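Engineer: in their complex positions, the first chains:
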Amino acid sequence: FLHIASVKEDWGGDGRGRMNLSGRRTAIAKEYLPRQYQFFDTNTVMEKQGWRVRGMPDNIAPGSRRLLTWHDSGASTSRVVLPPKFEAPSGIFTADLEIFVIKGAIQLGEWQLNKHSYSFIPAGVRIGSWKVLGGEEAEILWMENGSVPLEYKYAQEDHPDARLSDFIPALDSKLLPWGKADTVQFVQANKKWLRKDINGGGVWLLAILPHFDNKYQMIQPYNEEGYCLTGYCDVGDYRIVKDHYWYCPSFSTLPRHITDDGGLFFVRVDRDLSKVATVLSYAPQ
Amino acid sequence: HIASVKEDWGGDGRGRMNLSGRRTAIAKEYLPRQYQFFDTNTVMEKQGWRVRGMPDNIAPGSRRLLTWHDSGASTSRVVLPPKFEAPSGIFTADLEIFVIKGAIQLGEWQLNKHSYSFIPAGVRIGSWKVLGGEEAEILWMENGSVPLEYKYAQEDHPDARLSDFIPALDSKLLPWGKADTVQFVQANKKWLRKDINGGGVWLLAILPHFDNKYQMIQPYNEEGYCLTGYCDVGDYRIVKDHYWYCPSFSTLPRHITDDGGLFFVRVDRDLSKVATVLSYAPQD
Amino acid sequence: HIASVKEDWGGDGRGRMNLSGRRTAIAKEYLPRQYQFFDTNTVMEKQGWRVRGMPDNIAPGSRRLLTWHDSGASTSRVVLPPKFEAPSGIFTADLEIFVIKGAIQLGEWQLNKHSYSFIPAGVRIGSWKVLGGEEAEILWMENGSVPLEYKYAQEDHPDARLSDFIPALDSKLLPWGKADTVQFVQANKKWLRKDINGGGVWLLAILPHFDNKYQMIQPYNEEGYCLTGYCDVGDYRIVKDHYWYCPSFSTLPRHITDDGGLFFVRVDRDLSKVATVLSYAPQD
Amino acid sequence: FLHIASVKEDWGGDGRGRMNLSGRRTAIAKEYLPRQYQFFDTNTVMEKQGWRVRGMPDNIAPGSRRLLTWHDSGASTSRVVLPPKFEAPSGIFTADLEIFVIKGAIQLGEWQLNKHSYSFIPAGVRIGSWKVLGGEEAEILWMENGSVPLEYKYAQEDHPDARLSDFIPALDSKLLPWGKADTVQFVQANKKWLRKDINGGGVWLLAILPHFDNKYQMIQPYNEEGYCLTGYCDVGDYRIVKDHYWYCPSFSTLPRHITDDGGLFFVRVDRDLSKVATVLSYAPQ
């Protein structure tokens, strides 16, 4: 029970990743645009106030939500803002949930999640009472991944069938050290792995050093999304700066990347890019 | 081989350690996600201890029960007397032995100071006894699904996992190698046994002037015994003969030691994977 | 996807290359364990070549059939004319393309000199054409169980292995890396594609003053095309536009080249394993 | 068909290795001696003349055989001597066969196998006509491994079910380069892998450098056999020199190894020794 209906991945994966980044509609497009990279400022995305997780008690304080990308099955990525006195009860969620703190601080059960802290809450895993810390609002990348739309349910203990192994209660990325990047094109950059799928896909922070230039375009046979946390990166004639987000479905052709200042980026990819012919440099004449 | 229980953190139970959900010597019940430290010297030493099934005439030992589970699994500090002498046979559960003091002999092999042995359930052991005319102290670890019992047998049980049999491993002769986790880079490790799931047993050598800097969220079960030196973990000082038990998702305080130390450690999860040991440092 | 034949040397057929048991352009039948080298310039160029199923009005190309199997699988040197222009659709068999001369465009992607593409059977390709107003020469590799045929389709076949799709790989932009085999240490390799069984396609750069010293027993199928430079293999000199086919267990002579060269190579077995490339040097 | 009855391994393996080194009787012992290392000079083992492979045409020239170790199921290791004009027809064998040339030269089909050349012929794989080269006798380590006793059968092509992947027609170990040793105790030595099982066990040449001293005894939870090709190695109070052979069944306790001269040794082991606690150094007081 609980775990059911995991959809296969756009590029040819087996759906074990449970990310559901395939076939999504962006905030700036009326429908899913296949093989088309899309970049936009999340500041200009409309912020629907009074947002509340389905199933949550109605007396709970509401947050706001900027819906970045989503699929009709339920999966989505969004920039939520929880107010100063936000306080929610313990329980579970009906879908896999990823959380990444952009501004402020939050507390999930006994653990604090300050600036750039991360958590992966598998569907069925119980979380204690959670709240916003420091008397200031908190901004978070709220990522609902399950096959069904995410919903809160009160529970005393974990769901029997919960993939408890995959539970990352709190990971302060700031304390984690920088390591070598995976792809051949991003050699002059560093990576911080936050989570890795059973299929090799995952979540990580990418630090691009100054004077960066990947030189060619890139055919990306996989789904990728990301959020810019600091600095910038020119990709073609578009300049991605702080708070800009992107979505590149399978087989998108990304333009040349250039940045004299460098930057920090939250990235999420549903395929193992260590294999041969997974990131193809392209430069037509 | 029947009834192997799944692991706290979400493992498949193939490890057969059963470190999940245990009650300590100092606690009335299992305290989830709570690290517990204590001096084994102060744990009560019940005299007249004897393995269930052994012949009554065998000399008894003493036992200090550190941690245990109602299914049978347990960790203990036993003391076998100078003239201890037992017959050959098998045990109905996986058994791990680590010599703290003195020397013992299992079948044809001697196990002196810091010698180790893993006896899978069903594997036959020859006659065993205490050596040198002085008592021997051992970390006695009963792991199987059922409570451990002795049974006389001339040969091994047909279905015994004989591949996992480590008759005698003298850790002193083994060389020090690189540590696994990112936080314990200024330390060395000596692997004694590794599960099919990557969990295992090892000796940890913490070099002097050590400071891990942050707290650690540990999504796995771990226990250990301090053999030499010390290690401050929060406001508690772990020294020789102190033991610990950290069930899944415990939040271990900062570790500091100016002298360093040697530690017997046992963990039921592979810590090479991403997000398995999470450094934590909250503000106010 | 049905009928994938097992491989000569003992593989399970998952590679889907079908390099086993092929007849060369210069031989009346399959010659087992016999290396064969020949100049593709001298192979007959049949004009009016067209993919079965394509609309009749499409401009025809020419074809020099290098090696083939009766099941359908084949390797060829085709020449598409300046105004070649084909419609979108799928192909009923796995197709590999490597540009020798000129430039082509598959859908939205250009494939200029030494650009590569792997089109799994059932994967839809957009309209394609020759670029720059000059003809294009290509290594056309039909691999599937059945003979390759064009079929018009608006979307991909439901069961198409879309994961294996390499739309466009410009090998010129890719960097040189270490070679796999022990004998070709003084050479570099550029992987273009790797099978689920470890077999694959790659470019081999042999540095000048090369000498492998011994003969080589090759327990696997291999084919290749020389793009630049040369390589003496025994008393035969492989130069630009020469091709080879070595079925399983061929005994390749010594390789020597003072100038070095660039070579397109395709092998249906993982050569990282022990005893996969055996150096041989008999006495008298 | 063909492949049937592969026995499990003494120490707890799954029998996929197909070596059958478990439970063997030596030339110097009346029965299988469990957990007991045994060393002996193959020169003194009795050489039964008129040896011939079962099923071979009777007109074929006979060889001699010194039976080193064997099991009643059929598996064995022996030192055979083929005469100058030896010549046999093409065909298959009903069991896996390993060949290692000690002296002289032989030719299997089209390939020569001179001094220290090796071949692994899986059961069912066809070999062409074979003969002794150079007009002098050849000495070979003849290793019959299959579940049933080895027997010759005439065949035009390979047996349909033959594990043709595992076929090593001819490997001249002399041309192969020396590499790092696997175990922690044999760091001051080099290794030449000739064949590796699907289980990690295998065949290799071990080069022990001069001034060698492993320091302690070794508990070996696996089956191992070997033949000394050159030099020597004192193991306890026994000195292994050229033409000496050994057999160490699972859980044998090998004494300290010392050699001031070093040596070359043909070794065969049915377990992967890369894993933790596979070679246990022992030094009792």
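Structural biologist: Looks like it came in fine. Numbering: from 1, shown residues only, chains lettered A, B, ... in the order given.
Engineer: partners of the lengthiest strand in chain A, with directions?
Structural biologist: Longest strand in chain A by number of residues (criterion: DSSP state E): strand A:224-235. In the sheet, strand A:224-235 lines up against strand A:238-241 (antiparallel), strand A:244-248 (antiparallel), strand A:257-259 (antiparallel), strand A:263-269 (antiparallel) (DSSP bridges).
Engineer: who's in contact with the nearest residue to residue A:206 once chain neighbours are set aside?
Structural biologist: Among residues not flanking residue A:206 along the chain, residue A:265 sits closest, at 4.5 Å (CB to CB, 6 or more residues apart in numbering or on different chains). Heads up, the C-betas are built off the backbone N, CA and C, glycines and all. Residues near residue A:265 by CB atoms under 8 Å, 6 or more residues apart in numbering or on different chains: A:205, A:206, A:207, A:208, A:226, A:227, A:228, A:229, A:233.
Engineer: likewise residue A:137?
Structural biologist: With contacts defined as CB under 8 Å, 6+ apart, the neighbours of residue A:137 are A:81, A:82, A:83, A:84, A:103, A:104.
Engineer: and which of those is nearest chain B?
Structural biologist: In terms of CB to the nearest CB, no member of the contacts of residue A:137 lies closer to chain B than residue A:104, at 11.9 Å.
Engineer: does that closest one touch residue A:138 like I think?
Structural biologist: Yes. Using CB atoms under 8 Å, residue A:104 makes contact with residue A:138 at a distance of 3.3 Å.
Engineer: ok, now which ones touch the residue of the stretch 51-200 of chain A found nearest chain C?
Structural biologist: Closest contact between the stretch 51-200 of chain A and chain C, by CB to the nearest CB, is at residue A:184 (6.7 Å). Contacts for residue A:184 (CB under 8 Å, 6+ apart) come out as A:279, A:281, C:174, C:175.
Engineer: tell me the one of these nearest chain D?
Structural biologist: Distance to chain D across the contacts of residue A:184 (CB to the nearest CB) is lowest for residue C:175, with 26.9 Å.
Engineer: any idea which of the strands paired with strand A:224-235 is most buried?
Structural biologist: For these, the largest average neighbour count (mean count of other CB atoms under 10 Å in any protein chain shown) is found in strand A:244-248, namely a mean of 24.
Engineer: chain E follows; place it on the structure:
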Amino acid sequence: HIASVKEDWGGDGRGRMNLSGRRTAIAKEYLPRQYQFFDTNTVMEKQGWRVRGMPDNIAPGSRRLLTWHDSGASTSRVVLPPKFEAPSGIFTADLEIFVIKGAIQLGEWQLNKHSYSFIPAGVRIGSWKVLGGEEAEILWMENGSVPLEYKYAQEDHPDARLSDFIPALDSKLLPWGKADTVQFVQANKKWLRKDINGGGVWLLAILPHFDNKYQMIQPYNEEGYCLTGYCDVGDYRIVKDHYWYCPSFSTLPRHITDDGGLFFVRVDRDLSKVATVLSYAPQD
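Structural biologist: Chain E added:
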């Protein structure tokens, strides 16, 4: 070449940088062993600046004098106007140039954003000018024993250290490499110039989430300019266009930055040696 002064910390003066004993823009005198940080935007920009010896008709620039010594040595932020155009010749002192904004051209070579040049005293430079019709901002570094002056010359001075001449180094094209010091392991370095004594000039890239943890006793002279991002050092936040000067034996506070940054750094001592950068963390 005469009068090269010895270095503060005990060097032999071969480096010829003269970073020792300098007065900052914000201090009335040289403050020994005291780190000083300040915003160059707020330093007074004296208009009508011109190199002593240059023809009077040449267009003037502006100058913000950061640090200097009475012997002549200095570091400054100069601004050359759109139409700036100077004649060829030599300079009586070692001169280092690093482009902050815009582009300049020295002789035949362009020096665009972050381009660098080291002109040893006596080396002839061709005519030079500002490019692109917009002003150029440069870190102008006069190093010689005597105050820098222009002199017209058709050829190089006979005794000029021509080996040390770095006409044009575009740092953007240079790749990032490993850092030298143990404290800045989570950072990369781009060497622009190295002294015969191991001191030098380089660009430092500090990755995000950086924290050096302790204070640093620096037994050497160092200066630097922030090009991008930020770095908190104690309670001061160094951001774009902020400069620093740390004379020998300064005690630098802890460095923290969540964003990271790019920094022009210049040091007159080899920091590869033991006990050259000393981590310091006092208690109470």
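Engineer: now with chain E: the contacts of residue A:265?
Structural biologist: Contacts of residue A:265 by CB under 8 Å, 6+ apart are A:205, A:206, A:207, A:208, A:226, A:227, A:228, A:229, A:233.
Engineer: the fifth one - nearest residue in space that isn't next to it in sequence?
Structural biologist: Okay, so that is residue A:226. Once flanking residues are discounted, residue A:226 sits nearest to residue A:267: 4.2 Å by CB to CB, 6+ apart.
Engineer: tabulate the contacts of residue A:265 (TSV), appending neighbour count.
Structural biologist: Shown next, in TSV, are the contacts of residue A:265 (neighbours: other CB atoms under 10 Å in any protein chain shown):
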residue	neighbour count
A:205	24
A:206	20
A:207	23
A:208	25
A:226	23
A:227	22
A:228	24
A:229	22
A:233	22
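Engineer: run through the residues that contact the residue nearest to residue A:226.
Structural biologist: Applying CB under 8 Å, 6+ apart to residue A:267 gives the contacts A:203, A:204, A:205, A:206, A:224, A:225, A:226.
Engineer: let's see it at 6 Å
Structural biologist: A:204, A:206, A:226 (CB atoms under 6 Å, 6 or more residues apart in numbering or on different chains).
Engineer: from the structure, what's the count of residues near residue A:12?
Structural biologist: The tally of other residues near residue A:12 (other CB atoms under 10 Å in any protein chain shown) stands at 19.
Engineer: how about it: what's its closest non-neighbour residue?
Structural biologist: Setting aside the residues directly before and after it, residue A:12 is nearest to residue C:163 in space (CB to CB, 6+ apart), at 2.8 Å.
Engineer: quickly list what residue A:88 is bridged to.
Structural biologist: So, taking DSSP bridges as the rule, residue A:88 has residue A:130 as bridge partners.
Engineer: please apply the same query to the one 10 residues further on.
Structural biologist: Legend: beta-bridge partners of residue A:98 under DSSP bridges are residue A:120, residue A:143.
Engineer: that one and residue A:144 touch, don't they?
Structural biologist: No. Contact between residue A:98 and residue A:144 fails when scored by CB atoms under 6 Å: they sit 8.5 Å apart.
Engineer: give me the residue from the stretch 51-200 of chain A nearest chain E.
Structural biologist: For the stretch 51-200 of chain A, CB to the nearest CB, closest residue to chain E: residue A:174, 4.4 Å.
Engineer: drop chain F onto that structure:
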Amino acid sequence: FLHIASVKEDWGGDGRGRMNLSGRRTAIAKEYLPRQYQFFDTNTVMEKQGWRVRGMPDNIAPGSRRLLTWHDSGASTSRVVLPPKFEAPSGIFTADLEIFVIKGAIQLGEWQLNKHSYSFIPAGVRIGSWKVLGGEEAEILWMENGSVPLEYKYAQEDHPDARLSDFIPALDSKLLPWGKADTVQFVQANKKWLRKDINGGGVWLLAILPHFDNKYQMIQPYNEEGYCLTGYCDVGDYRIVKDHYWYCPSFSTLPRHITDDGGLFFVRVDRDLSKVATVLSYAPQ
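Structural biologist: Below, chain F sits with the chains from the block before:
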């Protein structure tokens, strides 16, 4: 001026090291014993109270001193104890001075030197006012190295000819990371370099891991001294524990080293041990 009379080193060095470890008399021996290792407990060495550095104002609080080793030229090593309210003025010293804190904390000028902090003060380099911190006594390894006996002299600035490059004002060894050891015999140990001579000799902390056994004796063609800070190390039938010190002049033959617990040791050597034949393993029959 200032720098004059640097004596050559026992084993054949050029005296540039300026350590003067050659030809010293120990606390337990009436004269210099050539090529003889000597070990002793510093606790039992007599503690002469009322110790004061020559030239220091007489009103300054006195310390105590346990003279470990010395040479008649002036060079020495000793365990001094400064009282709680100890406070000395700024100035220079006429000889090179090394300081290593064993217990408590001291402050030299503006810099604190807590437990295991180190400082190298070259002759002629000015130090500011210095005192004992924390209201508890401090214990220090006081090492006078110069050719002439060490003496305090008041000065406002550094001596013109002072080797100011060699000045290590304060090095907290605790903050320094462990690195690989230099010698072949101490592979299972780590090292922390505190200072390195122009000749390659130096000062460092040695961390010996548990279960250590160097196996053989060691012919040491160089001068070495050291102090045990924690743990132990059996060297022959003598057991070196906390507060024990040693002195091994050139060409001493050190017995086998064994320790089941491991330990931390302050070591000082006047020769580069990276060169061939500098530490000779010896094991006579």
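Engineer: back to the contacts of residue A:265, now that we've got chain F?
Structural biologist: A:206, A:226, A:228.
Engineer: redo that, cut-off 7 Å
Structural biologist: Going by CB atoms under 7 Å, 6 or more residues apart in numbering or on different chains, residue A:265 touches A:205, A:206, A:226, A:228, A:229.
Engineer: which of those sit farthest apart?
Structural biologist: The distance between the two most remote of those (CB to CB) is 11.3 Å, for A:205 and A:228.
Engineer: tally of neighbours for residue A:13?
Structural biologist: 25.
Engineer: wait, it sits on residue A:271?
Structural biologist: Yes. Using CB atoms under 7 Å, residue A:13 is in contact with residue A:271, at 6.5 Å.
Engineer: buried set for stretch A:50-59?
Structural biologist: A:51, A:53, A:56 (16 or more other CB atoms under 10 Å in any protein chain shown).
Engineer: hang on, isn't the first one packed against residue A:64?
Structural biologist: In this case it means residue A:51. Yes. Between residue A:51 and residue A:64 a contact is recorded at 5.7 Å, counting by CB under 7 Å.
Engineer: now do the shared contacts for the two.
Structural biologist: Common neighbours of residue A:51 and residue A:64 (CB under 7 Å, 6+ apart) are residue A:80.
Engineer: surely residue A:135 and residue A:84 touch.
Structural biologist: Yes. Between residue A:135 and residue A:84 there is a contact at 5.2 Å, judged by CB under 7 Å.
Engineer: the more surrounded of these two?
Structural biologist: Between residue A:135 and residue A:84, counted using other CB under 10 Å, the more crowded position is residue A:84 (14 against 8).
Engineer: correct me, but the more buried one touches residue A:134?
Structural biologist: No. Using CB under 7 Å, residue A:84 is not in contact with residue A:134, being 8.1 Å away.
Engineer: OK, contacts around residue A:173?
Structural biologist: Under the criterion of CB under 7 Å, 6+ apart, the contact list for residue A:173 reads A:116, A:117, A:118, A:192, A:194, A:205, E:209.
Engineer: what about the fourth one, neighbour count?
Structural biologist: Counted with other CB under 10 Å, residues neighbouring residue A:192 total 24.
Engineer: the third one too?
Structural biologist: With neighbours defined by other CB under 10 Å, the count for residue A:118 comes to 24.
Engineer: I'm done for today, thanks for sticking with me.
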